[PDB]
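Heads up: the structure comes next, in structure tokens.
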Amino acid sequence: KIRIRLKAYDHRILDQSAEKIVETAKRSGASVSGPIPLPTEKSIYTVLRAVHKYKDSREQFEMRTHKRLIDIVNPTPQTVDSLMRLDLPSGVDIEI
Amino acid sequence: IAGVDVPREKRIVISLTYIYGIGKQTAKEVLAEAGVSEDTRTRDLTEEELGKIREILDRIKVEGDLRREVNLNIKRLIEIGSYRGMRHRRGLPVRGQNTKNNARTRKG
Amino acid sequence: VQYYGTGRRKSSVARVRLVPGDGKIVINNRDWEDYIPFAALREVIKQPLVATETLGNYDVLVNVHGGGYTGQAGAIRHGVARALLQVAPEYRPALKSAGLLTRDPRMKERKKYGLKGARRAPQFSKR
Amino acid sequence: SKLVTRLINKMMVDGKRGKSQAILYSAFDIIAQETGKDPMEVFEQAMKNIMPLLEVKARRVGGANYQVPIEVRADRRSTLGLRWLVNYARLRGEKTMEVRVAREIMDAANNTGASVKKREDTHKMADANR
Amino acid sequence: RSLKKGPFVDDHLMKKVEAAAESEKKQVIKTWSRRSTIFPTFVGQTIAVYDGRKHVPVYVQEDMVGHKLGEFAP
Amino acid sequence: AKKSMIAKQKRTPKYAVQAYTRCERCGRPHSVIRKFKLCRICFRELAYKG
RNA sequence: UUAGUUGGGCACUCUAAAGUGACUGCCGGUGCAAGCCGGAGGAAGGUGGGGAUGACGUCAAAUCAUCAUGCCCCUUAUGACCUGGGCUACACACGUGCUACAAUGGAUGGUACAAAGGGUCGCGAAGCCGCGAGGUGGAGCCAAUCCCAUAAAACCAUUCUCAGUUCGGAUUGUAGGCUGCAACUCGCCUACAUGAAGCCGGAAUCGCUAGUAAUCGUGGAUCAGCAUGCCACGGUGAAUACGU
Ligand SMILES: [Mg+2]
Ligand SMILES: [Mg+2]
Ligand SMILES: [Mg+2]
Ligand SMILES: [Mg+2]
Ligand SMILES: [Mg+2]
Ligand SMILES: [Mg+2]
Ligand SMILES: [Mg+2]
Ligand SMILES: [Mg+2]
Ligand SMILES: [Mg+2]
Ligand SMILES: [Mg+2]
Ligand SMILES: [Mg+2]
Ligand SMILES: [Mg+2]
Ligand SMILES: [Mg+2]
Ligand SMILES: [Mg+2]
Ligand SMILES: [Mg+2]
Ligand SMILES: [Mg+2]
Ligand SMILES: [Mg+2]
Ligand SMILES: [Mg+2]
Ligand SMILES: [Mg+2]
Ligand SMILES: [Mg+2]
Ligand SMILES: [Mg+2]
Ligand SMILES: [Mg+2]
Ligand SMILES: [Mg+2]
Ligand SMILES: [Mg+2]
Ligand SMILES: [Mg+2]
Ligand SMILES: [Mg+2]
Ligand SMILES: [Mg+2]
Ligand SMILES: [Mg+2]
Ligand SMILES: [Zn+2]
């Protein structure tokens with residue numbers, strides 16, 4: 001009954017966040033699953049290397065985002081506020 | 001035979017493709033409305049079939065009659081004065097095809 | 001209740017099970033000949049079953065999904081190979097000697113940043 | 001037998017092996033029908049009867065390319081001569097590809113063909129300036 | 001164009017000049033509008049299409065159908 | 001006119017085919033993407049400092 | 001259930017965290033040795049593959065306009081505000097290529113499979129009126145939940161004999177389709193008609209050493225439309241290193 005998805009460009013703006021949310025739900029709620037790791041997206045947006053001339057040799061740059069998830073429904077009042085109190089740790093923003 | 005001279009040893013669809021107006025598909029349909037089999041040699045196109053085909057193609061521009069259908073329009077373009085006419089009389093592309101590299105098959 | 005395994009070759013993946021029977025090989029719910037009409041996977045998808053003297057050990061229902069014509073055909077083999085090994089440990093030596101147990105590591109590569117493909121350097125003359 | 005890998009498919013420039021397999025099987029079956037011998041042997045007869053005495057090449061003498069005799073290697077000449085065989089089965093105007101390959105192979109088994117006399121094409125040109 | 005909306009022509013050359021040449025219609029016009037199309041309603045009058053250098057006068061004949069009001073001055 | 005090129009392709013253009021995508025960091029008119037609303041080159045220049 | 005469909009379940013693929021793995025680690029030949037050549041074991045052998053990173057510096061090293069700054073200048077101005085400029089040619093030579101004389105392929109058909117972006121205007125459904133392209137209408141959500149999207153060329157069938165031949169497709173005639181205020185030069189595509197050059201190519205020359213060359217499609221960034229260009233992705237996938 002709870003859908004709190006996540007997405008960030010880091011393995012540390014979510015891993016600690018998943019640890020915290022899981023700890024809060026396990027202590028508070030009962031019906032809960034394990035940390036479900038959602039997929040990742042990995043771009044390639046290559047460019048040109050020079051200033052004006054010589055466009056036959058260039059480097060590439062990306063912006064890759066992974067995704068995390070969690071879900072828990074049946075619990076108690078201590079887990080009622082989890083979707084809003086214990087959420088996104090440093091570096092990211094995930095909407096319940 | 002049928003408007004013009006056709007080969008007498010090739011398939012009818014292939015044989016009927018030797019007129020200025022009879023191509024590869026519009027003649028396949030034309031020979032279909034005449035109710036004649038398409039994969040039989042021109043030898044089997046006997047007097048009955050030859051008459052049927054001749055009556056079939058009598059309304060489709062072909063042979064030297066279908067040549068004034070071309071030159072009248074080009075002469076009209078030359079008389080009108082459009083850039084297409086100027087290029088057609090000269091050898092460059094009538095369309096916008098670029099002729100500072102490899103435009104020779106149409107101009108020598 | 002059956003011999004289990006997994007497989008892969010080129011860009012494919014397999015999950016082949018050698019369930020006991022007589023030799024009716026069915027690949028991803030299709031006949032032994034409609035899926036592979038040619039003879040490409042006639043011995044190749046069978047030599048792993050004949051890796052030991054066990055051709056009729058199991059009518060192995062197969063499962064190949066993803067990849068290519070021989071990529072999946074190299075995957076059914078990559079599944080049957082471990083199947084005989086999992087059912088019987090002694091089937092490992094036949095896979096090792098036959099040149100059939102190796103996870104084929106060849107795969108397609110990247111594309112260079114200024115070439116004309118993965119390796120084909122362009123053509124150009126100076127004078 | 002690497003003929004499928006080196007002649008049909010190698011001249012089948014699409015990296016296709018199925019057409020090579022089909023052509024090879026058809027030629028072998030046609031040979032085994034009319035001649036009565038299995039392909040395991042008659043296909044071998046053309047292995048060493050395709051490399052000429054030497055190769056055909058030009059040598060620069062005093063900075064000018066002149067006629068001198070040079071040869072190709074047991075892999076270079078083997079490769080170029082299997083290529084010449086794939087040409088010899090193809091130089092004729094025979095309609096069917098499999099039939100053409102089978103007929104050239106049978107003629108080579110009978111010691112004749114554009115690959116049988118090709119032993120002089122890369123030899124006589126070099127033997128004319130040895 | 002070859003679309004499903006039919007003909008088109010710039011209104012500056014036509015609306016108050018070519019569609020309004022009925023009285024004392026024996027003059028030409030320095031029609032800088034070369035985008036327009038020579039519709040059948042303007043047969044007889046003359047428009048001076050601009051080819052870049054000077055507004056070249058144009059004659060509207062019966063066979064002019066099949067060209068713009070500025071395509072005869074390349 | 002170069003600093004006046006933010007007034008022909010930036011002012012009020014009176015047609016639907018009178019506006020394209022220059023960059024905003026540098027005023028370059030060519031090679032300017034819209035998924036980062038910027039140009040090339042200068043992404044080798046801002047994506048180094050940060 | 002027409003079907004992953006609905007329930008059911010993490011079994012399998014899958015996705016992402018911590019491991020394991022590969023190290024001349026063992027055996028043999030050579031070699032005082034370093035090491036070279038085999039073999040084992042092993043998923044891979046020998047810097048596994050590929051990246052990314054380009055020391056000291058040469059072809060007068062560029063930028064005070066990214067920022068800071070020393071000296072020198074303007075202070076009714078060198079400060080602040082108000083607002084308008086150049087296009088595909090063709091007698092020719094030259095570089096990369098795409099199609100071509102492709103059964104390695106053609107009127108049509110049955111129908112296996114990638115990566116990535118982004119997403120609140122952002123794709124945009126279906127149904128829809130059409131061979132092919134547009135307009136009606138909109139399903140889905142702040143997200144592996146909703147869109148672009150449909151991977152097909154393969155493999156497997158019909159007609160054609162290597163074409164001036166049922167090959168090739170420019171060149172033109174006609175009639176259409178879209179996007180775009182508007183397709184005159186100067187967008188692309190389709191249908192009918194037309195049907196050329198072009199038969200493995202001189203001197204010479206380019207790239208390449210295994211998932212590589214060759215070979216067929218798919219996709220993205222620029223963008224209303226316009227790629228045969230660039231940058232990615234897989235299917236099928238070889239010959240050869242005598243040698244300096
Ligand atoms: Mg025709
Ligand atoms: Mg002309
Ligand atoms: Mg054009
Ligand atoms: Mg063209
Ligand atoms: Mg040129
Ligand atoms: Mg030229
Ligand atoms: Mg040229
Ligand atoms: Mg799949
Ligand atoms: Mg082993
Ligand atoms: Mg290079
Ligand atoms: Mg170069
Ligand atoms: Mg040159
Ligand atoms: Mg032949
Ligand atoms: Mg735009
Ligand atoms: Mg710029
Ligand atoms: Mg930089
Ligand atoms: Mg081993
Ligand atoms: Mg480094
Ligand atoms: Mg570098
Ligand atoms: Mg120099
Ligand atoms: Mg500069
Ligand atoms: Mg030249
Ligand atoms: Mg064609
Ligand atoms: Mg198709
Ligand atoms: Mg055409
Ligand atoms: Mg017509
Ligand atoms: Mg696309
Ligand atoms: Mg040397
Ligand atoms: Zn910039």
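Chains: A, B, ... in order of the structure tokens. Residues: from 1 per chain. Ligands: from 1, in order shown.
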
Please give the complete set of residues from segment 25-109 of chain C that DSSP, run on the backbone, assigns to alpha helix (DSSP H), formatted as a compact mmCIF listing (two decimals) with C-alpha atoms, in the first residue's frame.
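Written output follows (result_30.txt):
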```txt
# COMPACT_ATOMS: atom_id res chain seq x y z
CA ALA C 40 23.49 -26.09 -37.80
CA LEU C 41 22.03 -27.25 -34.48
CA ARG C 42 21.64 -30.91 -35.50
CA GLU C 43 24.93 -32.21 -34.14
CA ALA C 73 22.08 -22.49 -30.75
CA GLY C 74 25.32 -22.08 -28.85
CA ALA C 75 23.26 -21.62 -25.70
CA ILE C 76 21.25 -24.85 -25.80
CA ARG C 77 24.61 -26.61 -25.89
CA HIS C 78 25.87 -24.43 -23.05
CA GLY C 79 22.91 -25.68 -21.03
CA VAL C 80 23.01 -29.36 -21.94
CA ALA C 81 26.71 -29.45 -21.05
CA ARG C 82 26.24 -28.76 -17.35
CA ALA C 83 23.03 -30.82 -17.34
CA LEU C 84 24.94 -34.07 -17.76
CA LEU C 85 27.52 -32.75 -15.29
CA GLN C 86 24.84 -31.89 -12.72
CA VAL C 87 23.07 -35.22 -13.20
CA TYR C 91 30.18 -36.02 -17.26
CA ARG C 92 32.47 -33.10 -16.44
CA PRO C 93 35.57 -34.79 -17.97
CA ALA C 94 33.86 -35.21 -21.35
CA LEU C 95 32.90 -31.53 -21.33
CA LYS C 96 36.47 -30.56 -20.38
CA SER C 97 38.23 -32.68 -23.01
```

Distance filter 8 Å, only C-alpha atoms, chain B against chain E, as an MDAnalysis selection string: chainID B and resid 76 80:83

Take the residues just selected and output them with C-alpha atoms as a short mmCIF file (atom, residue, chain, number, x, y, z; two decimals), in the first residue's frame.
```cif
data_model
loop_
_atom_site.label_atom_id
_atom_site.label_comp_id
_atom_site.auth_asym_id
_atom_site.auth_seq_id
_atom_site.Cartn_x
_atom_site.Cartn_y
_atom_site.Cartn_z
CA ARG B 76 5.00 23.35 -73.64
CA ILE B 80 6.11 28.62 -71.20
CA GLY B 81 9.61 29.69 -70.17
CA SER B 82 10.06 28.06 -66.76
CA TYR B 83 13.52 27.29 -65.39
#
```

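If you take only C-alpha atoms and a cut-off of 7 Å, the residues of chain A that reach chain F are residues 47, 48 and 51 of chain A.
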
Distance query residue 15 of chain C at most 7 Å, only C-alpha atoms (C1' of nucleotides), self and fewer than 2 positions along chain excluded, as an MDAnalysis selection string: chainID C and resid 5:7 17 62:64 79

Any chance you can output those residues with N, CA, C and O atoms as a short mmCIF file (atom, residue, chain, number, x, y, z; two decimals), in the first residue's frame?
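Everything below was put into selection-v5.cif:
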```cif
data_model
loop_
_atom_site.label_atom_id
_atom_site.label_comp_id
_atom_site.auth_asym_id
_atom_site.auth_seq_id
_atom_site.Cartn_x
_atom_site.Cartn_y
_atom_site.Cartn_z
N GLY C 5 20.63 -26.78 -15.36
CA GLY C 5 21.79 -26.01 -15.76
C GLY C 5 21.36 -24.69 -16.37
O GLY C 5 20.17 -24.40 -16.51
N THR C 6 22.37 -23.89 -16.72
CA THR C 6 22.18 -22.64 -17.42
C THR C 6 23.25 -22.54 -18.50
O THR C 6 24.26 -23.25 -18.47
N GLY C 7 23.02 -21.66 -19.47
CA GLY C 7 23.93 -21.57 -20.60
C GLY C 7 23.99 -20.18 -21.19
O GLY C 7 23.11 -19.35 -20.98
N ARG C 17 17.11 -27.95 -19.19
CA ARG C 17 16.83 -29.00 -18.23
C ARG C 17 16.76 -30.34 -18.95
O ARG C 17 16.02 -30.48 -19.94
N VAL C 62 14.21 -27.55 -23.57
CA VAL C 62 15.20 -26.48 -23.56
C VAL C 62 14.51 -25.15 -23.32
O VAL C 62 13.29 -25.06 -23.21
N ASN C 63 15.32 -24.09 -23.23
CA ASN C 63 14.81 -22.74 -23.08
C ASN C 63 15.90 -21.78 -23.53
O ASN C 63 16.83 -21.50 -22.76
N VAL C 64 15.79 -21.28 -24.75
CA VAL C 64 16.72 -20.29 -25.29
C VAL C 64 15.92 -19.05 -25.67
O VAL C 64 15.01 -19.13 -26.51
N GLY C 79 23.76 -25.21 -22.11
CA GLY C 79 22.91 -25.68 -21.03
C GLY C 79 22.96 -27.18 -20.88
O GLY C 79 23.01 -27.70 -19.76
#
```

Non-local contacts of residue 211 of chain G (9 Å; only C-alpha atoms (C1' of nucleotides); under 6 positions in same chain excluded) as a ChimeraX atom specification: /C:10,106-109 /G:237

Expected selection as a VMD selection string for ligand 1 within 8 Å, only C-alpha atoms (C1' of nucleotides) and all ligand atoms: (chain B and resid 17 22 to 24) or (chain G and resid 194 to 195)

Go through chain C residue by residue and, counting only C-alpha atoms, keep those with an atom at most 12 Å from chain D; for each kept residue give the shortest atom pair and its distance in Å to one decimal, ordered by chain and increasing number, as a Markdown table.
```
| residue | atom | partner | partner_atom | distance |
| --- | --- | --- | --- | --- |
| C:37 | CA | D:18 | CA | 11.5 |
| C:38 | CA | D:18 | CA | 8.3 |
| C:39 | CA | D:18 | CA | 9.1 |
| C:40 | CA | D:18 | CA | 8.1 |
| C:41 | CA | D:18 | CA | 11.8 |
| C:69 | CA | D:18 | CA | 11.3 |
| C:70 | CA | D:17 | CA | 11.3 |
```

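Nearest-residue note for ligand 14: choosing from G:243, G:119, G:48, G:225, the minimum distance belongs to G:225, counting only C-alpha atoms (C1' of nucleotides) and all ligand atoms.
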
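Excluding segment 3-7 of chain D itself and any same-chain residue fewer than 2 positions from it, the protein and nucleic acid residues within 7 Å of it, counting only C-alpha atoms (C1' of nucleotides), are residues 1, 9, 10, 11, 20, 21, 24, 82, 83 and 86 of chain D; 238 and 239 of chain G.
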
At most 9 Å from ligand 24 (only C-alpha atoms (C1' of nucleotides) and all ligand atoms): residue list as an MDAnalysis selection string: chainID G and resid 109 152:153

Could you build a table of the residues in chain G lying no more than 10 Å from ligand 21, giving for each the nearest pair of atoms and their separation in Å rounded to one decimal place, using only C-alpha atoms (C1' of nucleotides) and all ligand atoms, ordered by chain and ascending residue number, as a Markdown table?
```
| residue | atom | partner | partner_atom_place_in_ligand_line | distance |
| --- | --- | --- | --- | --- |
| G:62 | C1' | ligand 21 | 1 (Mg) | 6.7 |
| G:63 | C1' | ligand 21 | 1 (Mg) | 4.9 |
| G:65 | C1' | ligand 21 | 1 (Mg) | 8.0 |
```

Residues within 9 Å of ligand 8 (only C-alpha atoms (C1' of nucleotides) and all ligand atoms), as a PDB file with N, CA, C and O atoms (P, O5', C5', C4', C3', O3' and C1' of nucleotides), in the first residue's frame?
```pdb
ATOM      1  N   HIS C  65      16.254 -17.912 -25.058  1.00  0.00           N
ATOM      2  CA  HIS C  65      15.551 -16.657 -25.307  1.00  0.00           C
ATOM      3  C   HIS C  65      16.557 -15.520 -25.338  1.00  0.00           C
ATOM      4  O   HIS C  65      17.242 -15.269 -24.343  1.00  0.00           O
ATOM      5  N   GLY C  66      16.642 -14.833 -26.475  1.00  0.00           N
ATOM      6  CA  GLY C  66      17.532 -13.696 -26.619  1.00  0.00           C
ATOM      7  C   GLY C  66      18.810 -13.997 -27.378  1.00  0.00           C
ATOM      8  O   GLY C  66      19.466 -15.007 -27.107  1.00  0.00           O
ATOM      9  N   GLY C  67      19.176 -13.141 -28.332  1.00  0.00           N
ATOM     10  CA  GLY C  67      20.458 -13.283 -28.997  1.00  0.00           C
ATOM     11  C   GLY C  67      20.414 -13.490 -30.496  1.00  0.00           C
ATOM     12  O   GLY C  67      19.995 -12.598 -31.237  1.00  0.00           O
TER      13      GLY C  67
ATOM     14  P     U G  13      18.719 -17.647 -13.549  1.00  0.00           P
ATOM     15  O5'   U G  13      18.371 -17.503 -15.091  1.00  0.00           O
ATOM     16  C5'   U G  13      19.042 -16.548 -15.883  1.00  0.00           C
ATOM     17  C4'   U G  13      18.077 -15.706 -16.671  1.00  0.00           C
ATOM     18  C3'   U G  13      18.263 -14.206 -16.552  1.00  0.00           C
ATOM     19  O3'   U G  13      19.325 -13.723 -17.348  1.00  0.00           O
ATOM     20  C1'   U G  13      15.961 -14.747 -16.425  1.00  0.00           C
ATOM     21  P     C G 113      13.207 -12.972 -29.678  1.00  0.00           P
ATOM     22  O5'   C G 113      14.748 -13.197 -30.013  1.00  0.00           O
ATOM     23  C5'   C G 113      15.750 -12.430 -29.365  1.00  0.00           C
ATOM     24  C4'   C G 113      16.324 -11.376 -30.277  1.00  0.00           C
ATOM     25  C3'   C G 113      16.673 -10.043 -29.619  1.00  0.00           C
ATOM     26  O3'   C G 113      17.957 -10.044 -29.009  1.00  0.00           O
ATOM     27  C1'   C G 113      15.453  -9.673 -31.637  1.00  0.00           C
TER      28        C G 113
END
```

Selection near residue 98 of chain B, 8 Å with only C-alpha atoms (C1' of nucleotides), sequence-local residues under 5 positions removed, as an MDAnalysis selection string: (chainID B and resid 93 103) or (chainID G and resid 88)

Hey, which bits of chain G sit within 12 Å of ligand 25, and for each residue what's the closest pair of atoms and how far apart in Å (one decimal), counting only C-alpha atoms (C1' of nucleotides) and all ligand atoms, rows by chain and increasing number, as CSV?
```
residue,atom,partner,partner_atom_place_in_ligand_line,distance
G:169,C1',ligand 25,1 (Mg),8.0
G:170,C1',ligand 25,1 (Mg),7.2
G:171,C1',ligand 25,1 (Mg),7.9
G:172,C1',ligand 25,1 (Mg),8.7
G:173,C1',ligand 25,1 (Mg),11.6
G:189,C1',ligand 25,1 (Mg),11.3
G:190,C1',ligand 25,1 (Mg),11.0
G:191,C1',ligand 25,1 (Mg),11.9
G:193,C1',ligand 25,1 (Mg),11.3
G:194,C1',ligand 25,1 (Mg),9.7
G:195,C1',ligand 25,1 (Mg),10.3
```

Residues of chain G at most 9 Å from ligand 18: nearest atom pair and distance in Å, only C-alpha atoms (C1' of nucleotides) and all ligand atoms, as JSON lines:
```
{"residue": "G:52", "atom": "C1'", "partner": "ligand 18", "partner_atom_place_in_ligand_line": "1 (Mg)", "distance": 6.9}
{"residue": "G:53", "atom": "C1'", "partner": "ligand 18", "partner_atom_place_in_ligand_line": "1 (Mg)", "distance": 2.4}
{"residue": "G:54", "atom": "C1'", "partner": "ligand 18", "partner_atom_place_in_ligand_line": "1 (Mg)", "distance": 8.5}
```
